[PDB]
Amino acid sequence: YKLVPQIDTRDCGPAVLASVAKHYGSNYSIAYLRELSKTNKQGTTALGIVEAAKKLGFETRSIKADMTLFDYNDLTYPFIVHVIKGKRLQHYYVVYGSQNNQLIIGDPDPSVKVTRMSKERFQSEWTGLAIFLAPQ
């Protein structure tokens, strides 16, 4: 699971983006994506992630789902989620898949990176917003 850790506090949005591109081929510098995604001091908005994704030639959709979303096997990984971690309100993960009760996620937090996560935990952080991407 090819994931790009962040470094500046604000980078999480650019980072999940780039993590996604790598997977589906492309490479892209985070400072660039900062400027594309209109990431500012307080991270990126959900919107910013989208516009950007579109401009890298991605077919983007976003939805409000609930946990049941993960009961459906055609779910095309990877994709992005908006989550809340403690005081980080504009955080995001990459979702790679799910062997077991558990999700394979990538937290651009360089101290976490890719990791398994329980669904209780995930539910409790996840905003319901998912952003699905595929190349055009």
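A residue's number is simply how far along the shown sequence it sits, counting from 1.
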With B-factors read from the PDB entry, the higher C-alpha mean of 6-14 and 119-127 is in 6-14
When mean C-alpha B-factors in the record are compared for 37-45 and 89-97, the larger belongs to 37-45
In terms of its chain's C-alpha B-factors, the third that includes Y32 is the highest
Chain thirds by Cα B factor, record data; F79 belongs to the lowest
Binned into thirds over the chain's modelled residues, the C-alpha B-factor of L103 lands in the middle
Tertile call for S62 (CA temperature factor, within chain, third-based) is the lowest
Chain thirds by Cα B factor, record data; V50 belongs to the lowest
